[PDB]
């Protein structure tokens, strides 16, 4: 069962929470990771299409579209490439077309574009974004 306002009560329920913020309250990737971990969780990992649908449904209920959200995507070693901050394997992927492109060699964190494509992009970790936690 999920904590109240993080999802449903069944044993198979996945628990995510959107944090959409104004520009003065958006966070870097590391700040967002630390925020979610302080609650006992982590930045959201998306391990399959079921989790993607869960998050998309939350976005549709939010009324806002096109927002950028930090996910738990962070580059590891050169051989690893992208990893999930929660330690789960990066099996499922939904990178946008051409991504990750490490544009100008400075993009080591992953963001979700909150539109129907639910696509991922690598971007400067120091950008201030919205974020999504999991527990």
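Numbering follows the first chain given and starts at 1. Rigid core: the largest C-alpha set superposing within 1.5 Å between the two forms.
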Is 87-95 or 36-44 the stretch whose C-alphas end up farther from this model in 8 other deposited structures of this protein after a rigid core fit?
-> 87-95
Should one compare 25-33 and 101-109 by root mean square Cα distance from the shown form in 8 other deposited structures of this protein, core superposed, the larger belongs to 101-109
Does residue 124, which is modelled here, drop out in at least a third of the other compared PDB entries?
-> no
Determine if residue 12 is unmodelled in a third or more of the other PDB entries compared for this protein.
-> yes
Comparing 57-65 with 93-101, where is the mean C-alpha B-factor higher?
-> 57-65
Higher of the two mean Cα B-factors (4-12, 124-132; per PDB record) comes from 4-12
Looking at 50, 107, 42, 31, which has the biggest Cα B factor in the entry?
-> 50
